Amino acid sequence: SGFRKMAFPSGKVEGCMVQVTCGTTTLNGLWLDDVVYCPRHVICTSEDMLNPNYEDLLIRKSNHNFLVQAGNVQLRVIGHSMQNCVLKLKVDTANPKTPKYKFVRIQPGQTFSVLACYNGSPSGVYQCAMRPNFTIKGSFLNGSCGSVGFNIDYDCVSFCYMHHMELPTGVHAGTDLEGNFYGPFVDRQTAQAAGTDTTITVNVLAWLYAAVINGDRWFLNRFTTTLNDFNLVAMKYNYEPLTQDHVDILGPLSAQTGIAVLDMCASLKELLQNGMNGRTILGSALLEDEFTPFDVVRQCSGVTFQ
């Protein structure tokens, strides 16, 4: 038993982290086969940050202007190009530690692990959700850009996030590995704010099932609700609409516990309207929305990765 916010093992990604320096700026890059992927703002000076013309700046760069290091080893850059907000640096050496991998654009509500890195070296690993407003609630300092987020399935690493910037609330924004931002953000030091966020309803339901599986059942009531009536309540409390797709995805947990999804919806309705009265669920005083249904099943069934 027990339920923790658990990250994927990071070893396969650790072997891909490198340092990229251009001029005075150093950040992290991701080395896969003979390409290093990093945020394009590595080619900026501090002054270039209000409104850089990245296409112009890169025109004046040569391969030798990019210093790439894997541990102590220098990797010679033999070509370079820009794809949206990422640079692709071709190097003369293929990474011998390249895992089986894919590039994926994740959907809001989905979770992934972040391997926080500085100077090409890993600092720590933690699990995040793509928020409905296309931010993540991370932990990132100067020099962390190019740190990546990923999921693992069996032996395949699906890279889904590259870190680029921090927004006023202390929340974080970045791109997929093709360099397209999540959300309406741009890689320049101008006034930008996250949109209003919302709570990921299907994930809260998943975590309530995890609670039942671990024996924390005080919040289960005797009622049911319709989907439409539940979503009228969810809306008032800034929760995402629950769709039939979401209900279908919760099927496995509903089957395991014998609690119909709409019965769990009635129990969540009561929590939203009445609060928890100082009680906790799985050790938490707030409702948790950063576990997907798949996260719950994988952790409660012991899925492993090779």
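We number the residues from 1 along the sequence you see.
Stretches 114-122 and 83-91 differ in mean C-alpha B factor, with the higher average recorded for 83-91.
In this entry, 57-65 shows the higher mean Cα temperature factor of the pair 57-65 and 252-260. In this entry, the residue among 246, 41, 279, 269 with the greatest C-alpha B factor is 279. The residue among 158, 203, 169, 144 whose C-alpha carries the highest B-factor in the deposited model is 169. The entry lists a Cα temperature factor for residue 223 that places it in the highest third of the chain's modelled residues. Sorting the modelled residues of the chain by their CA temperature factor places residue 134 in the middle third.
The entry lists a Cα temperature factor for residue 193 that places it in the highest third of the chain's modelled residues.
Among the modelled residues of its chain, residue 149 has a C-alpha B-factor that falls in the lowest third, as given in the PDB entry. In the deposited entry, the Cα temperature factor of residue 178 places it in the middle third of its chain's modelled residues.
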